[PDB]
>>> print(open('my_file_10.cif').read())   # mmCIF, C-alpha atoms
data_query
loop_
_atom_site.label_atom_id
_atom_site.label_comp_id
_atom_site.auth_asym_id
_atom_site.auth_seq_id
_atom_site.Cartn_x
_atom_site.Cartn_y
_atom_site.Cartn_z
CA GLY V 1 -7.40 -9.22 22.95
CA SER V 2 -10.82 -7.64 22.52
CA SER V 3 -13.16 -9.63 24.76
CA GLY V 4 -16.20 -8.01 23.19
CA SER V 5 -17.58 -4.91 21.48
CA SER V 6 -21.15 -3.74 20.87
CA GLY V 7 -20.16 -2.38 17.47
CA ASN V 8 -20.92 1.17 16.36
CA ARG V 9 -22.22 1.81 12.84
CA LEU V 10 -22.51 5.60 12.97
CA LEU V 11 -22.43 6.65 9.31
CA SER V 12 -20.05 9.52 8.56
CA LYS V 13 -21.58 12.65 10.08
CA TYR V 14 -20.82 15.89 11.94
CA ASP V 15 -22.22 17.51 15.09
CA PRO V 16 -21.28 20.75 16.89
CA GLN V 17 -22.37 19.08 20.13
CA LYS V 18 -20.62 15.73 19.76
CA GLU V 19 -17.23 17.29 18.98
CA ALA V 20 -17.14 18.53 22.57
CA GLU V 21 -17.91 15.03 23.84
CA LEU V 22 -14.74 13.78 22.15
CA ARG V 23 -12.24 16.38 23.36
CA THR V 24 -13.86 15.98 26.78
CA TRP V 25 -13.39 12.21 26.62
CA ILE V 26 -9.86 12.48 25.23
CA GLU V 27 -8.50 15.37 27.28
CA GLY V 28 -9.38 13.47 30.44
CA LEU V 29 -7.85 10.26 29.12
CA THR V 30 -4.39 11.64 28.31
CA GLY V 31 -4.83 14.74 30.46
CA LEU V 32 -3.51 17.03 27.73
CA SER V 33 -5.02 20.10 26.07
CA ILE V 34 -6.23 20.22 22.47
CA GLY V 35 -6.89 23.94 22.17
CA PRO V 36 -9.49 26.33 20.71
CA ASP V 37 -9.00 25.00 17.18
CA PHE V 38 -9.82 21.30 17.49
CA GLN V 39 -8.56 20.64 13.96
CA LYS V 40 -5.33 22.39 14.93
CA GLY V 41 -4.70 20.98 18.39
CA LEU V 42 -5.03 17.58 16.73
CA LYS V 43 -3.48 18.59 13.40
CA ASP V 44 0.09 18.27 14.69
CA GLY V 45 -1.02 14.92 16.07
CA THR V 46 0.29 15.29 19.61
CA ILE V 47 -2.68 14.15 21.69
CA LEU V 48 -4.34 11.89 19.12
CA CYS V 49 -1.29 9.69 19.70
CA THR V 50 -1.30 9.59 23.50
CA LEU V 51 -5.06 9.05 23.45
CA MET V 52 -4.56 5.64 21.86
CA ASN V 53 -1.59 4.72 24.06
CA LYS V 54 -3.97 5.09 27.01
CA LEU V 55 -6.38 2.52 25.56
CA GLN V 56 -3.69 0.22 24.15
CA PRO V 57 -0.36 -0.29 25.97
CA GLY V 58 1.17 -0.89 22.55
CA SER V 59 -0.37 1.40 19.94
CA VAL V 60 2.12 4.18 19.22
CA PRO V 61 5.90 3.74 19.60
CA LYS V 62 6.79 7.42 19.98
CA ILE V 63 5.37 10.89 19.33
CA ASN V 64 7.15 13.62 17.38
CA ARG V 65 6.93 16.80 19.46
CA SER V 66 8.39 18.85 16.60
CA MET V 67 6.92 21.70 14.56
CA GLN V 68 7.75 19.99 11.26
CA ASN V 69 5.43 18.64 8.57
CA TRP V 70 6.81 15.13 8.06
CA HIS V 71 6.96 14.88 11.86
CA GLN V 72 3.41 16.12 12.41
CA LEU V 73 2.18 13.75 9.70
CA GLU V 74 3.95 10.65 11.01
CA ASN V 75 1.94 11.18 14.19
CA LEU V 76 -1.43 10.77 12.48
CA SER V 77 -0.11 7.91 10.35
CA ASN V 78 1.06 6.21 13.55
CA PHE V 79 -2.22 6.69 15.41
CA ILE V 80 -4.41 5.60 12.50
CA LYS V 81 -2.65 2.30 11.81
CA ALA V 82 -2.94 1.82 15.57
CA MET V 83 -6.73 2.13 15.49
CA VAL V 84 -7.01 -0.71 12.96
CA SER V 85 -5.33 -3.01 15.48
CA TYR V 86 -7.78 -1.99 18.21
CA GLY V 87 -10.63 -3.41 16.15
CA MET V 88 -12.01 -0.54 14.08
CA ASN V 89 -13.47 -0.71 10.57
CA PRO V 90 -11.70 0.05 7.26
CA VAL V 91 -14.12 2.95 6.84
CA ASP V 92 -14.29 4.20 10.43
CA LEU V 93 -10.79 5.60 9.95
CA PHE V 94 -9.39 8.92 8.72
CA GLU V 95 -6.45 9.94 6.54
CA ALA V 96 -3.53 12.00 7.84
CA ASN V 97 -4.22 14.88 5.45
CA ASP V 98 -7.89 14.91 6.47
CA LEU V 99 -6.77 16.55 9.71
CA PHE V 100 -3.39 17.98 8.71
CA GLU V 101 -4.75 19.98 5.78
CA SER V 102 -8.31 19.95 7.11
CA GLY V 103 -8.88 17.71 4.11
CA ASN V 104 -11.68 16.18 6.16
CA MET V 105 -13.05 17.12 9.58
CA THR V 106 -16.04 14.79 9.35
CA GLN V 107 -14.11 11.54 8.95
CA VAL V 108 -11.83 12.38 11.88
CA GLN V 109 -14.77 13.33 14.10
CA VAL V 110 -16.66 10.06 13.63
CA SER V 111 -13.47 8.01 13.90
CA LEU V 112 -13.08 9.16 17.50
CA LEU V 113 -16.81 8.83 18.20
CA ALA V 114 -16.48 5.20 17.09
CA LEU V 115 -13.16 4.43 18.78
CA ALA V 116 -14.44 5.84 22.07
CA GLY V 117 -17.68 3.88 22.29
CA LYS V 118 -15.58 0.74 21.93
CA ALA V 119 -12.81 1.85 24.29
CA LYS V 120 -15.36 2.52 27.02
CA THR V 121 -15.69 -1.25 27.35
CA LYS V 122 -12.46 -1.04 29.34
CA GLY V 123 -14.23 0.75 32.18
CA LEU V 124 -17.79 -0.56 32.29
CA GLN V 125 -17.84 -4.25 33.22
CA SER V 126 -18.73 -6.50 30.29
CA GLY V 127 -19.60 -10.18 29.95
CA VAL V 128 -19.89 -12.58 27.02
CA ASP V 129 -19.34 -10.94 23.64
CA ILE V 130 -21.97 -11.08 20.89
CA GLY V 131 -20.17 -13.68 18.80
CA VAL V 132 -17.96 -12.24 16.07
CA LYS V 133 -14.59 -13.46 14.80
CA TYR V 134 -12.15 -11.14 13.04
CA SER V 135 -8.37 -10.83 12.79
CA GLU V 136 -6.23 -8.87 10.32
CA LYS V 137 -2.48 -8.98 9.68
CA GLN V 138 0.06 -6.15 9.73
CA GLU V 139 3.75 -5.30 10.11
CA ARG V 140 5.80 -2.23 11.03
CA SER V 141 9.12 -1.18 9.50
CA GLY V 142 11.62 1.65 9.86
CA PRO V 143 12.53 3.20 6.48
CA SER V 144 9.36 2.75 4.43
CA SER V 145 10.05 1.59 0.87
CA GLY V 146 7.76 4.15 -0.74
#
>>> encode(input="my_file_10.cif", output="structure tokens")
Amino acid sequence: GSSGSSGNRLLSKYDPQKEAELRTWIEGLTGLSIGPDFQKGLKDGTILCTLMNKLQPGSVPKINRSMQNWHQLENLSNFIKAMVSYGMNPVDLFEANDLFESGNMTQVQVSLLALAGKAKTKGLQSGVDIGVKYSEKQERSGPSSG
């Protein structure tokens, strides 16, 4: 899977200059448009999904292009769980509400800033990894119990 990864430890933070770096790195990846209201454009969780798909050929199953809550939420929930598989940290993630109800715009910002730095590896040619071993388990299901 992941041949190697430098490993970013950027503690939760916010920057009016970095935000642009993300949308600029994501928009080009999927080729979609976020919009004037970052939080919004992503809120629905339309691009956030595709973004991952680009990096991983098996991250998100499908995206809900509907103007409904449950639908919009599922998107974020789908993307997030997908990040964990990529090789992110249990803290470098963000909750669905964080973006949906702007419950947190700092956690979502860093998340991307951390997922990108690692994704880049795809492009730039890399060699022998540092030397870390990690592997978590997981399973997907249709009708969630609760």
>>> resolve_selection(input="my_file_10.cif", expression="the PyMOL selection byres ((chain V and resi 77-83) around 8)", output="compact mmCIF listing (two decimals) with C-alpha atoms, in the frame of the given file")
# COMPACT_ATOMS: atom_id res chain seq x y z
CA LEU V 48 -4.34 11.89 19.12
CA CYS V 49 -1.29 9.69 19.70
CA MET V 52 -4.56 5.64 21.86
CA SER V 59 -0.37 1.40 19.94
CA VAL V 60 2.12 4.18 19.22
CA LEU V 73 2.18 13.75 9.70
CA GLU V 74 3.95 10.65 11.01
CA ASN V 75 1.94 11.18 14.19
CA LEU V 76 -1.43 10.77 12.48
CA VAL V 84 -7.01 -0.71 12.96
CA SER V 85 -5.33 -3.01 15.48
CA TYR V 86 -7.78 -1.99 18.21
CA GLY V 87 -10.63 -3.41 16.15
CA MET V 88 -12.01 -0.54 14.08
CA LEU V 93 -10.79 5.60 9.95
CA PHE V 94 -9.39 8.92 8.72
CA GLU V 95 -6.45 9.94 6.54
CA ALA V 96 -3.53 12.00 7.84
CA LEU V 115 -13.16 4.43 18.78
>>> atom_distance(input="my_file_10.cif", atom1="atom CA of residue 135 of chain V", atom2="atom CA of residue 53 of chain V")
20.4 Å
>>> closest_residue(input="my_file_10.cif", among="V:63, V:55, V:129, V:92", to="residue 110 of chain V", atoms="all atoms listed in the file")
V:92
>>> resolve_selection(input="my_file_10.cif", expression="the PyMOL selection byres ((chain V and resi 3) around 8)", output="list in words")
residues 1, 2, 4, 5, 128 and 129 of chain V
>>> residues_around(input="my_file_10.cif", residues="segment 104-109 of chain V", least_positions_apart="3", cutoff="9 Å", atoms="only C-alpha atoms", output="PyMOL selection string")
chain V and resi 12-15+18-19+22+39+91-95+97-101+112-114
>>> atom_distance(input="my_file_10.cif", atom1="atom CA of residue 58 of chain V", atom2="atom CA of residue 145 of chain V")
23.6 Å
>>> atom_distance(input="my_file_10.cif", atom1="atom CA of residue 140 of chain V", atom2="atom CA of residue 62 of chain V")
13.2 Å
>>> closest_residue(input="my_file_10.cif", among="V:146, V:28, V:61, V:90", to="residue 111 of chain V", atoms="all atoms listed in the file")
V:90
>>> decode(input="my_file_10.cif", residues="segment 2-127 of chain V", atoms="C-alpha atoms", output="PDB file, in the first residue's frame")
ATOM      1  CA  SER V   2       1.789   3.084   1.305  1.00  0.00           C
ATOM      2  CA  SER V   3       5.423   2.675   0.261  1.00  0.00           C
ATOM      3  CA  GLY V   4       6.487   5.541   2.504  1.00  0.00           C
ATOM      4  CA  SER V   5       5.451   8.821   4.109  1.00  0.00           C
ATOM      5  CA  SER V   6       7.491  11.620   5.683  1.00  0.00           C
ATOM      6  CA  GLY V   7       4.830  12.121   8.336  1.00  0.00           C
ATOM      7  CA  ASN V   8       3.294  15.505   9.110  1.00  0.00           C
ATOM      8  CA  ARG V   9       2.756  16.543  12.730  1.00  0.00           C
ATOM      9  CA  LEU V  10       1.168  19.955  12.168  1.00  0.00           C
ATOM     10  CA  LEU V  11      -0.714  20.642  15.403  1.00  0.00           C
ATOM     11  CA  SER V  12      -4.284  21.855  14.905  1.00  0.00           C
ATOM     12  CA  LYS V  13      -4.066  25.401  13.544  1.00  0.00           C
ATOM     13  CA  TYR V  14      -5.596  27.879  11.098  1.00  0.00           C
ATOM     14  CA  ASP V  15      -4.168  30.130   8.385  1.00  0.00           C
ATOM     15  CA  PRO V  16      -5.866  32.521   5.927  1.00  0.00           C
ATOM     16  CA  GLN V  17      -3.022  31.807   3.504  1.00  0.00           C
ATOM     17  CA  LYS V  18      -2.904  28.014   3.752  1.00  0.00           C
ATOM     18  CA  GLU V  19      -6.636  27.591   3.144  1.00  0.00           C
ATOM     19  CA  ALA V  20      -6.041  28.783  -0.417  1.00  0.00           C
ATOM     20  CA  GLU V  21      -3.258  26.225  -0.849  1.00  0.00           C
ATOM     21  CA  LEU V  22      -5.769  23.458  -0.133  1.00  0.00           C
ATOM     22  CA  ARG V  23      -8.601  24.471  -2.460  1.00  0.00           C
ATOM     23  CA  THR V  24      -5.896  25.118  -5.056  1.00  0.00           C
ATOM     24  CA  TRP V  25      -4.473  21.632  -4.524  1.00  0.00           C
ATOM     25  CA  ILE V  26      -7.907  20.001  -4.424  1.00  0.00           C
ATOM     26  CA  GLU V  27      -9.679  21.891  -7.208  1.00  0.00           C
ATOM     27  CA  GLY V  28      -6.918  20.860  -9.595  1.00  0.00           C
ATOM     28  CA  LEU V  29      -7.033  17.255  -8.404  1.00  0.00           C
ATOM     29  CA  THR V  30     -10.741  16.643  -8.985  1.00  0.00           C
ATOM     30  CA  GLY V  31     -11.151  19.626 -11.286  1.00  0.00           C
ATOM     31  CA  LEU V  32     -14.297  20.790  -9.507  1.00  0.00           C
ATOM     32  CA  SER V  33     -15.201  24.116  -7.899  1.00  0.00           C
ATOM     33  CA  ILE V  34     -15.578  24.663  -4.155  1.00  0.00           C
ATOM     34  CA  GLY V  35     -16.994  28.180  -4.189  1.00  0.00           C
ATOM     35  CA  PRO V  36     -16.622  31.491  -2.322  1.00  0.00           C
ATOM     36  CA  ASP V  37     -17.609  29.933   1.004  1.00  0.00           C
ATOM     37  CA  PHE V  38     -15.029  27.185   1.517  1.00  0.00           C
ATOM     38  CA  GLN V  39     -16.954  25.802   4.491  1.00  0.00           C
ATOM     39  CA  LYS V  40     -20.043  25.701   2.274  1.00  0.00           C
ATOM     40  CA  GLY V  41     -18.615  24.340  -0.964  1.00  0.00           C
ATOM     41  CA  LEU V  42     -17.284  21.508   1.187  1.00  0.00           C
ATOM     42  CA  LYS V  43     -20.191  21.424   3.637  1.00  0.00           C
ATOM     43  CA  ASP V  44     -22.409  19.395   1.306  1.00  0.00           C
ATOM     44  CA  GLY V  45     -19.387  17.148   0.863  1.00  0.00           C
ATOM     45  CA  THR V  46     -19.352  16.966  -2.928  1.00  0.00           C
ATOM     46  CA  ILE V  47     -15.688  17.599  -3.726  1.00  0.00           C
ATOM     47  CA  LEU V  48     -14.176  16.383  -0.456  1.00  0.00           C
ATOM     48  CA  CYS V  49     -15.311  12.968  -1.688  1.00  0.00           C
ATOM     49  CA  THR V  50     -13.903  13.063  -5.220  1.00  0.00           C
ATOM     50  CA  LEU V  51     -10.667  14.524  -3.855  1.00  0.00           C
ATOM     51  CA  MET V  52      -9.953  11.254  -2.047  1.00  0.00           C
ATOM     52  CA  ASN V  53     -11.077   9.066  -4.949  1.00  0.00           C
ATOM     53  CA  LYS V  54      -8.315  10.731  -6.965  1.00  0.00           C
ATOM     54  CA  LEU V  55      -5.657   9.685  -4.454  1.00  0.00           C
ATOM     55  CA  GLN V  56      -7.159   6.274  -3.697  1.00  0.00           C
ATOM     56  CA  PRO V  57      -8.912   4.223  -6.412  1.00  0.00           C
ATOM     57  CA  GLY V  58     -11.048   2.763  -3.639  1.00  0.00           C
ATOM     58  CA  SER V  59     -11.880   5.387  -1.025  1.00  0.00           C
ATOM     59  CA  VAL V  60     -15.483   6.475  -1.573  1.00  0.00           C
ATOM     60  CA  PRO V  61     -18.137   4.183  -3.106  1.00  0.00           C
ATOM     61  CA  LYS V  62     -20.518   6.904  -4.283  1.00  0.00           C
ATOM     62  CA  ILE V  63     -21.324  10.577  -3.711  1.00  0.00           C
ATOM     63  CA  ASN V  64     -24.779  11.923  -2.863  1.00  0.00           C
ATOM     64  CA  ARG V  65     -25.424  14.868  -5.183  1.00  0.00           C
ATOM     65  CA  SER V  66     -28.607  15.744  -3.292  1.00  0.00           C
ATOM     66  CA  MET V  67     -29.574  18.847  -1.317  1.00  0.00           C
ATOM     67  CA  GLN V  68     -30.561  16.802   1.736  1.00  0.00           C
ATOM     68  CA  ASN V  69     -29.015  16.693   5.210  1.00  0.00           C
ATOM     69  CA  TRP V  70     -28.562  12.953   5.730  1.00  0.00           C
ATOM     70  CA  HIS V  71     -27.212  12.838   2.174  1.00  0.00           C
ATOM     71  CA  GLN V  72     -24.801  15.743   2.651  1.00  0.00           C
ATOM     72  CA  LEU V  73     -23.623  14.209   5.926  1.00  0.00           C
ATOM     73  CA  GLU V  74     -23.042  10.706   4.563  1.00  0.00           C
ATOM     74  CA  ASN V  75     -20.571  12.338   2.176  1.00  0.00           C
ATOM     75  CA  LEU V  76     -18.300  13.622   4.944  1.00  0.00           C
ATOM     76  CA  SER V  77     -18.700  10.386   6.903  1.00  0.00           C
ATOM     77  CA  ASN V  78     -17.653   8.482   3.782  1.00  0.00           C
ATOM     78  CA  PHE V  79     -14.622  10.662   3.052  1.00  0.00           C
ATOM     79  CA  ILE V  80     -13.383  10.699   6.647  1.00  0.00           C
ATOM     80  CA  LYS V  81     -13.405   6.935   7.187  1.00  0.00           C
ATOM     81  CA  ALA V  82     -11.596   6.853   3.843  1.00  0.00           C
ATOM     82  CA  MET V  83      -8.762   9.045   5.119  1.00  0.00           C
ATOM     83  CA  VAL V  84      -8.050   6.630   7.971  1.00  0.00           C
ATOM     84  CA  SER V  85      -7.352   3.918   5.398  1.00  0.00           C
ATOM     85  CA  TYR V  86      -4.940   6.175   3.512  1.00  0.00           C
ATOM     86  CA  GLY V  87      -2.708   6.313   6.574  1.00  0.00           C
ATOM     87  CA  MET V  88      -3.761   9.378   8.552  1.00  0.00           C
ATOM     88  CA  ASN V  89      -3.769   9.809  12.333  1.00  0.00           C
ATOM     89  CA  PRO V  90      -6.724   9.403  14.730  1.00  0.00           C
ATOM     90  CA  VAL V  91      -6.377  13.111  15.506  1.00  0.00           C
ATOM     91  CA  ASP V  92      -5.575  14.435  12.033  1.00  0.00           C
ATOM     92  CA  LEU V  93      -9.219  13.830  11.124  1.00  0.00           C
ATOM     93  CA  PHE V  94     -12.397  15.911  11.337  1.00  0.00           C
ATOM     94  CA  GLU V  95     -16.012  15.179  12.260  1.00  0.00           C
ATOM     95  CA  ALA V  96     -18.882  15.523   9.788  1.00  0.00           C
ATOM     96  CA  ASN V  97     -20.598  18.235  11.831  1.00  0.00           C
ATOM     97  CA  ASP V  98     -17.338  20.178  12.086  1.00  0.00           C
ATOM     98  CA  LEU V  99     -17.887  21.178   8.455  1.00  0.00           C
ATOM     99  CA  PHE V 100     -21.631  20.626   8.070  1.00  0.00           C
ATOM    100  CA  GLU V 101     -22.578  22.899  10.971  1.00  0.00           C
ATOM    101  CA  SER V 102     -19.259  24.753  10.899  1.00  0.00           C
ATOM    102  CA  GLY V 103     -18.773  22.981  14.215  1.00  0.00           C
ATOM    103  CA  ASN V 104     -15.062  23.187  13.438  1.00  0.00           C
ATOM    104  CA  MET V 105     -13.224  24.860  10.560  1.00  0.00           C
ATOM    105  CA  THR V 106      -9.779  24.375  12.099  1.00  0.00           C
ATOM    106  CA  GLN V 107      -9.858  20.579  12.297  1.00  0.00           C
ATOM    107  CA  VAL V 108     -11.040  20.273   8.694  1.00  0.00           C
ATOM    108  CA  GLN V 109      -8.384  22.695   7.455  1.00  0.00           C
ATOM    109  CA  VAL V 110      -5.437  20.838   8.984  1.00  0.00           C
ATOM    110  CA  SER V 111      -6.868  17.462   7.978  1.00  0.00           C
ATOM    111  CA  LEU V 112      -6.457  18.419   4.319  1.00  0.00           C
ATOM    112  CA  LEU V 113      -3.089  20.070   4.945  1.00  0.00           C
ATOM    113  CA  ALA V 114      -1.959  16.738   6.391  1.00  0.00           C
ATOM    114  CA  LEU V 115      -3.615  14.462   3.832  1.00  0.00           C
ATOM    115  CA  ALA V 116      -2.127  16.485   0.976  1.00  0.00           C
ATOM    116  CA  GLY V 117       1.489  16.464   2.118  1.00  0.00           C
ATOM    117  CA  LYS V 118       1.241  12.676   2.213  1.00  0.00           C
ATOM    118  CA  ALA V 119      -0.672  12.327  -1.055  1.00  0.00           C
ATOM    119  CA  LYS V 120       2.000  14.339  -2.865  1.00  0.00           C
ATOM    120  CA  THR V 121       4.237  11.281  -2.515  1.00  0.00           C
ATOM    121  CA  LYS V 122       2.276   9.910  -5.472  1.00  0.00           C
ATOM    122  CA  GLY V 123       3.808  12.488  -7.791  1.00  0.00           C
ATOM    123  CA  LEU V 124       7.324  13.188  -6.539  1.00  0.00           C
ATOM    124  CA  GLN V 125       9.501  10.086  -6.863  1.00  0.00           C
ATOM    125  CA  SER V 126      10.284   8.468  -3.511  1.00  0.00           C
ATOM    126  CA  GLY V 127      12.655   5.735  -2.378  1.00  0.00           C
TER     127      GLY V 127
END
